[PDB]
Amino acid sequence: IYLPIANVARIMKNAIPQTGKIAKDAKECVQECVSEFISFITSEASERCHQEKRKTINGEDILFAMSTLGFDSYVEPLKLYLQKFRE
Amino acid sequence: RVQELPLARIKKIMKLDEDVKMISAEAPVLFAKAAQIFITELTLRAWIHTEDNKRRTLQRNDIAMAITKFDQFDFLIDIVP
Amino acid sequence: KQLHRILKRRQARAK
């Protein structure tokens, strides 16, 4: 299970200079990496929820897993995105 | 826009986890934005190796090199060998 | 900081 390749490729293209090109196998590689990112963070959150005897993975569990595993810089932009999403 | 990412697909990936019971509504939304941040940073770091090799086409080996060089990407060790 | 989660994910992907 992967996010749509066209969405992944669009985000990749926005990151590199306008004259750059991205090979199809690089797009497919990043598609795989994204899914592993989601599963890696989810595994950390799910083990914590299990230990704490809770049945629902909440947003705080995801953000805390990111903070623990080296993605603390994501916490503030994610909170802002979700809040703007809810407004 | 990050809103274009399908939340059902993100939820499906989460649900592969053997210990996931129920998922909050906000969890896939957070992952949608995180996916954009992650793709952008991984792509930029790989592009360092594209240019260092005098190329203008980003290739899979560039991603592999970026993963080895950044501690935050250690978890991709088996994905891009 | 990722090591123990990496080891665990390898086991999950094998299944």
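Each chain gets a letter, A, B and so on, in the order the sequences are listed, and its residues count up from 1. Any value given below was found using the heavy atoms of this structure, including those in side chains, with hydrogens, waters and symmetry copies removed.
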Select, from [options], the one with the greatest count of heavy-atom pairs under 4.5 Å involving chain A.
options	answer
B:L5, B:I37, B:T40, B:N61	B:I37
B:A34, B:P6, B:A27	B:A34
B:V2, B:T57, B:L76, B:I63	B:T57

Mind checking side chain to side chain donor-acceptor pair (under 3.5 Å) for B:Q72 and listing every partner two or more places apart, or none if nothing turns up?
-> none

Could I get the full list of side chain to side chain donor-acceptor pair (under 3.5 Å) partners for A:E60, not counting sequence neighbours?
->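 Result, side chain to side chain donor-acceptor pair (under 3.5 Å) vs A:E60: none returned.
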
Select one option (side chain, backbone, both, neither) describing which atoms of [X] are under 4.5 Å from chain B's heavy atoms.
X	answer
A:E28	both
A:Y2	backbone
A:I62	side chain
A:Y81	side chain

Which pair of non-hydrogen atoms, one from [X] and one from [Y], has the smallest distance, and what is that distance?
X	Y	answer
B:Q59	A:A26	C-CB, 3.9 Å
B:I23	A:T56	C-CG2, 3.9 Å
B:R60	A:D25	NH2-O, 3.3 Å

Region of [X] that comes under 4.5 Å of a non-hydrogen atom in chain A:
X	answer
B:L30	both
B:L42	side chain
B:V80	side chain
B:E41	neither

Taking B:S24 for its side chain and A:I57 for its backbone only, find out whether a donor-acceptor pair lies under 3.5 Å.
->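 Answer holds: yes.
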
Using a 4.5 Å cut-off on heavy atoms from C-beta on, say whether the side chain of [Y] contacts that of [X].
X	Y	result
B:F73	A:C33	no
A:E47	B:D19	no
B:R9	A:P4	yes

Rounded to the nearest 0.5 Å, how far does [atom2] of [Y] lie from [atom1] of [X]?
X	Y	atom1	atom2	value
A:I11	B:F38	CD1	CZ	11.5 Å
A:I41	B:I13	CD1	CD1	13.0 Å
A:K27	B:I39	NZ	CD1	12.5 Å

Winner by heavy-atom pair count (cut-off under 4.5 Å) against chain B, out of A:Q31, A:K24, A:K55, A:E36 |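 Among the listed options, the one with the most contacts to chain B is A:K55.
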
Can you tell which of A:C29, A:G20, A:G70 has the highest number of heavy-atom pairs within less than 4.5 Å of chain B?
->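 It is A:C29.
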
Does the side chain of B:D17 come under 3.5 Å of the side chain of A:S46 through a donor N or O and an acceptor N or O?
-> yes

Counting only heavy atoms not in A:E87, do more than 12 fall under 6.0 Å of its CD?
-> yes

Specify whether B:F31 and A:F37 have parallel, tilted or perpendicular ring planes, treating 30° as the upper limit for parallel and 60° as the lower limit for perpendicular.
->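 B:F31 and A:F37: perpendicular rings.
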
